[PDB]
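Peer 1: Once you've had a glance at the structure underneath, I'll fire off some questions.
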Amino acid sequence: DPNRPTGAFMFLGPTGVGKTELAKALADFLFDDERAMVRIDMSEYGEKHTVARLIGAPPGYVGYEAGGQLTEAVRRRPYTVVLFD
Amino acid sequence: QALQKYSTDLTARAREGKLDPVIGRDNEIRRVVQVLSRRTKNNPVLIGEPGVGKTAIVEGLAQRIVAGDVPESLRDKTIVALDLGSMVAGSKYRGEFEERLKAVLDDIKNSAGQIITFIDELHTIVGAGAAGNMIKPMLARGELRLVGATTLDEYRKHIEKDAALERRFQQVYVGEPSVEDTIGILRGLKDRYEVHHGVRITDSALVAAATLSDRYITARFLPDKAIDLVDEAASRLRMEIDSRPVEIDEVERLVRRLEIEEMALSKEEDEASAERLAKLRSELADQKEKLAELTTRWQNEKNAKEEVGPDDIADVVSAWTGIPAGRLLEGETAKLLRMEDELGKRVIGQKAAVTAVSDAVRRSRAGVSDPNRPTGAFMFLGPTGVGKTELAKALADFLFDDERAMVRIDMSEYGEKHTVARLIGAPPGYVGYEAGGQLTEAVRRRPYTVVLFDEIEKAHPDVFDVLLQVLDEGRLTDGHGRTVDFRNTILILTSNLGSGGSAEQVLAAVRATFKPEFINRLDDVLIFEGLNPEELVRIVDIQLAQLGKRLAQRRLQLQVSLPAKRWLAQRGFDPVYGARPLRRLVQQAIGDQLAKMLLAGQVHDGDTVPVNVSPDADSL
Amino acid sequence: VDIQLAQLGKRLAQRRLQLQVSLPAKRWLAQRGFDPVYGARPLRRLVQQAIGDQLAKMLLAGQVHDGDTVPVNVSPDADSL
Amino acid sequence: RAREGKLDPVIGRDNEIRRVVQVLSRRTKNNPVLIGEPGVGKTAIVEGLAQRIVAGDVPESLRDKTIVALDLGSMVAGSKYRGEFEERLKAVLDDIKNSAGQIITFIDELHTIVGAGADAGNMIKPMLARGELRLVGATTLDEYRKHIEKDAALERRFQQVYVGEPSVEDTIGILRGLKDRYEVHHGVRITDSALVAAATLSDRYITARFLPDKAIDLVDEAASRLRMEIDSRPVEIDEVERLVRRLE
Amino acid sequence: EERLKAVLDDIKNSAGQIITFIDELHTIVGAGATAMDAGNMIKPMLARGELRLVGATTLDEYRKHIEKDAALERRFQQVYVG
Ligand SMILES: Nc1ncnc2c1ncn2[C@@H]1O[C@H](COP(=O)(O)OP(=O)(O)OP(O)(O)=S)[C@@H](O)[C@H]1O
Ligand SMILES: Nc1ncnc2c1ncn2[C@@H]1O[C@H](COP(=O)(O)OP(=O)(O)OP(O)(O)=S)[C@@H](O)[C@H]1O
Ligand SMILES: Nc1ncnc2c1ncn2[C@@H]1O[C@H](COP(=O)(O)OP(=O)(O)OP(O)(O)=S)[C@@H](O)[C@H]1O
Ligand SMILES: Nc1ncnc2c1ncn2[C@@H]1O[C@H](COP(=O)(O)OP(=O)(O)OP(O)(O)=S)[C@@H](O)[C@H]1O
């Protein structure tokens, strides 16, 4: 489908099985360096007002030129895999 | 002539070999060229994070044109580089800056297709008026070539706000090279630093200065975060091959200073300092000995280095960043084998935990532990007052020689969700934003410290999920977006879980209070035992020595009897409160009588009071 | 276990100290850390604690200097280098 | 200033000064920046290096070089017109480059270099990365990450030098060296048993401030008070008289 | 900055006589803003003790305005008035 991510799905299960090594292995053979994966952790986003952490803050506030954290990585060079820890 | 006046040539500089070799990066140079020789929109702009090489690419294009390695319509172009600073200077009248810009633009127009205007820090054109906008008409006519270079974020901070401009440029992405390409660039740049100084540079050095500045300095980018080590090691070696090498230039300046001290301290008409002089002489002599020995060894080496080897780079990586990554110069390897007996001078028993704490330090000095994970992170737990916080302070002193130099946070205050922003900073645009985090901003600089979380189970089980990505991955991101790395710290968690069960209750309570994916990340989860009646005499003498050192500021050293020590280690023992009862007993028994005897005269300074056993109390 | 040992060799190939592990050794390892409640991380923990501990004990006590290859073998309980 | 003997003796801190030297004497990007908490001694290091040059302990690449103390405040003094400040700074930069490296510009409180604009403190960015002007700067630890680290294009041209605070044993020596400069200004004498106490005592009572600075104040205040007592009557004979002349 | 430099120069030209006195000196921090430049031009002269500057501020506008500037608090000695 041309209007949807090229793939978006979830795996889950017990710990120490490989549900992270699998994503790392995937990012390693498409970009040839494992550093080229966007990895954000959803354990720091336990508050409501942390939605503006990966979106940026509105104009006229303190942290404004800093831009987002998830959007500013996919705006420039969108081809990666984004991991939602 | 205005071009002769304001800007400065670049090809003229390239012709005289004033620029450096530009090894690699041919793809981007070809891309620049094919964008530069297009029909419309012939304005490339270089975009990338600082240090990756962006002026280097224009220097390379200059070398290429001068040598003659370009396609047809790029022969003898004479790249020119503007200078807005000198353009707006002394133009204190109303129509001068725009006039000078007019003259420059006309002189660029007259040359049909030769000149290539080149602006570095392109973003500095958006202002410059009081203007700086009399360029959109020209770009609309393709008259200007305007090769430009800026960084990734000043772009959207000063240009993307003016999308009438951002249309007229084509972005070229400049990603940082890998370690191989870094080795390549260094293998070509070596020759010029070998000439500036007078030293030799092995190839193992050009390998290390890239593979090392990639694991440690995680804040800059490859092509220069790897050159700076070499350019420092060269200068250090030059200094050494000149007047006396270092490690003699320290003991000389130290022996001299100790001498200047002792030859003016002796003439103190006092008795208090008479014991502060009976040690200065001792250490001055013990260092004179070492200076003599080393200066003699210098003769053996001179009769029986001259290039920056592979470990001078490591010495620079250690002087920077504080992290010790050296070669274990034969004096440390003795400390690393006496580690256990040196800790045992401050902690007693719990050897099953001492062996585990210590083994994870030699395991990283020998370069055997995993390079992307903390240096070792494990949790202590056991009954109260047993040693499980004294051990962390004894370990943080064996490594830095000052107990106060560990980052320590008390987890008995992080009792709610929102108190996580206490150690991570605040999200963008809020009250405390210029202050950053509290755990972060002390491990973002000097990342060799030791992290201590007391009473981890007193927290709220959502602080536990920051340490998830702290452990077993070694990094976390504060509010500002920066990513600090914990790949060299030693995390330590203390607790008091169970405290009543032999060995099953503690594990059951741990499994009930923590997550499996949290107990699975740590190294061994040690258990402390609990002191035995035998193991308290070795604490009694410790406490008495400490107290004597305290009341040694008035020369009032005690003189304790062996029956006294045995009574003292038999009275306070109860096996439910650990070893604090012993301290309170020492106070209540000795210090009270001593303080009542001290301020009631009769124990004036310079005295040595003995203590001895009376039937129940112990009289002085 | 094979992937772990290969990565470990590639790591301590920076001092040219290639290793030599036996099939009974790899079987002893793959049998030791298996418990089906934590997954595979206990394997990395055991690898470190059982090999790297001894190796780093010796490496700074001389006798295992660069350019060398030390073999491992199963002993009754541990596996001596 | 260091030639005429106008600077205080600098003691210890060998490693910091040797690293300042071996950074200040490289091919490109030869400009250090001292960093660390306020009070631990960061202008003391530059003054020590200057006295060291005047004496001649420095290597050949630095023998006979003068250190000039740039003053950014006195440059924006009168510059109300649209280009005068840029003209001034350009003349200064051209004159620095006109010499052959016989000058080492030293900017104190360099976090103030970001402004001056209204495109300022930015025309220095080319000459920095080439090593023309040798810059020695020193700002505290937390205005760095507030004004400089926000501008990763400019903080790339700086090599950080961390300056940790000394210990009690070292502070004792620093005081042993500095005593004879207060012994003169105040007409008094200072006892070594007091120099040890002003450093052991000011390490468990005043925790809001850092080392030597929080240990030199005690010595200086004690001497000034003793001189006051020397001139007039002693204390506890002065207040008893002041309140008596009031109860009357 | 011109006026500030003039006043500082005329304080320095005197033989250490003048004893300046800034009442409620918690207003000296952001003297002239635009980018930190002004109000800390006196920071080199405080250390050498050229100008004396006895000042006085309330107890909770000293940790709301100054203590946030730990580099400048260092040059001041506190006299607690109970
Ligand atoms: N099938 C597997 N393939 C590759 N590596 C594996 C596999 N199973 C386990 N591992 C390794 O064991 C560790 C498990 O890594 P992870 O994938 O993060 O664990 P996990 O399965 O994600 O469990 P959690 O919930 O994330 S703690 C890593 O060191 C992996 O390399
Ligand atoms: N391919 C290369 N060949 C030779 N030197 C290089 C190469 N890439 C980078 N360098 C060096 O690395 C440094 C990069 O300098 P510049 O490219 O001018 O800085 P930049 O990459 O433009 O980023 P900024 O924003 O200008 S600091 C210089 O010392 C270059 O000589
Ligand atoms: N093995 C020991 N060796 C030396 N001193 C010890 C030892 N165990 C306890 N102490 C003394 O006990 C005090 C420190 O006890 P801690 O271990 O810090 O208490 P704790 O282990 O943190 O237990 P809790 O539950 O955290 S109060 C100091 O006075 C030490 O001198
Ligand atoms: N190594 C040293 N030897 C002698 N005196 C020293 C030494 N270090 C510091 N001092 C003295 O202690 C004081 C420290 O003041 P400075 O170092 O000039 O201030 P600072 O350390 O630069 O802090 P900031 O950041 O400038 S506010 C001065 O009186 C110095 O003379």
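Using the numbering of Swiss-Prot, the residues shown for chain B are 159-288, 296-469, 530-845, in order.
Yeah, the Cβs are placed from backbone N, Cα and C, and that goes for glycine too.
The following feature annotations were taken from Swiss-Prot:
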BINDING   B:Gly206, B:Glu207, B:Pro208, B:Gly209, B:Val210, B:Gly211, B:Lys212, B:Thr213  ATP 1 binding site
BINDING   B:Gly607, B:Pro608, B:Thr609, B:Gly610, B:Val611, B:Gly612, B:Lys613, B:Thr614  ATP 2 binding site
REGION    B:557-755  region 'NBD2'
Peer 1: Name, in order along the sequence, the binding-site residues among B:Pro208, B:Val210, B:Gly211, B:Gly607, B:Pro608 with a Cβ closer than 8 Å to any chain A Cβ.
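Peer 2: Answer, by Cβ distance to chain A: none.
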Peer 1: For B:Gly211 (ATP 1 binding site), identify the closest of the binding-site residues B:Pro608, B:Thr609, B:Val611, B:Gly612, judging by Cα separation.
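Peer 2: Nearest candidate: B:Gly612.
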Peer 1: Using a Cβ cut-off under 8 Å and a sequence separation of 6 or more, which residues in the same chain sit near B:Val611 (ATP 2 binding site)?
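Peer 2: For B:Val611 (ATP 2 binding site), the qualifying residues are B:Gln575, B:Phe753, B:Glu754, B:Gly755, B:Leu756, B:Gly803, B:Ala804.
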Peer 1: Enumerate the residues of the same chain, B:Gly607, B:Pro608, B:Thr609, B:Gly610, B:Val611, B:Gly612, B:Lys613, B:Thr614 excluded, that satisfy the criterion Cβ within 8 A of the mean position of the Cβ atoms of the recorded ATP 2 site; list them in sequence order.
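Peer 2: Once B:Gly607, B:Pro608, B:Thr609, B:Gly610, B:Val611, B:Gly612, B:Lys613, B:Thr614 are set aside, the remaining close residues are B:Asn721, B:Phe753, B:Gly755, B:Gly803.
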Peer 1: What residue among the binding-site residues B:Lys212, B:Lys613 has the most other CB atoms lying within 10 A of its CB?
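Peer 2: Compared across B:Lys212, B:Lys613, the most Cβ atoms within 10 Å surround B:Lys613.
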Peer 1: Tell me which binding-site residues (B:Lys212, B:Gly607, B:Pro608, B:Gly612, B:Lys613) have a Cβ under 6 A from ligand 2; sequence order is fine.
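Peer 2: Among B:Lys212, B:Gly607, B:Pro608, B:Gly612, B:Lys613, near ligand 2: B:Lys212.
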Peer 1: Determine, using Cα-Cα distances only, which of these binding-site residues is closest to B:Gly206 (ATP 1 binding site): B:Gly607, B:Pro608, B:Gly610, B:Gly612, B:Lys613.
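Peer 2: The smallest Cα gap between B:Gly206 (ATP 1 binding site) and any of the binding-site residues is with B:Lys613.
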Peer 1: Roughly how many Å separate the Cα of B:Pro208 (ATP 1 binding site) from that of B:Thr614 (ATP 2 binding site), to the nearest whole number?
Peer 2: 44
Peer 1: Mind giving me a neighbour count for B:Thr609 (ATP 2 binding site)? Other Cβ atoms within 10 Å of its Cβ, every protein chain shown.
Peer 2: 13
Peer 1: Over all shown protein chains, what is the count of other CB atoms within 10 A of the CB belonging to B:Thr213 (ATP 1 binding site)?
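Peer 2: So the Cβ neighbour count for B:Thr213 (ATP 1 binding site) comes to 15.
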Peer 1: Can you check which residues sit near B:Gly612 (ATP 2 binding site), meaning Cβ under 8 Å from its Cβ, same chain, 6 or more apart in sequence, and list them in order?
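Peer 2: For B:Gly612 (ATP 2 binding site), the qualifying residues are B:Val572, B:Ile573, B:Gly574, B:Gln575, B:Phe753, B:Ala804.
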Peer 1: Does DSSP put B:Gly206 (ATP 1 binding site) in a helix, in a strand, or in coil?
Peer 2: strand
Peer 1: Consider the binding-site residues B:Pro608, B:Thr609, B:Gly610, B:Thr614 and say which one has the Cα lying nearest the Cα of B:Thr213 (ATP 1 binding site).
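Peer 2: For B:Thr213 (ATP 1 binding site), the spatially nearest of the binding-site residues is B:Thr614.
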Peer 1: So if the criterion is CB under 8 Å to a CB of chain D, which of the binding-site residues B:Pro208, B:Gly209, B:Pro608, B:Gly612 qualify?
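Peer 2: Near chain D - Cβ to Cβ under 8 Å - we find B:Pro208, B:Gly209.
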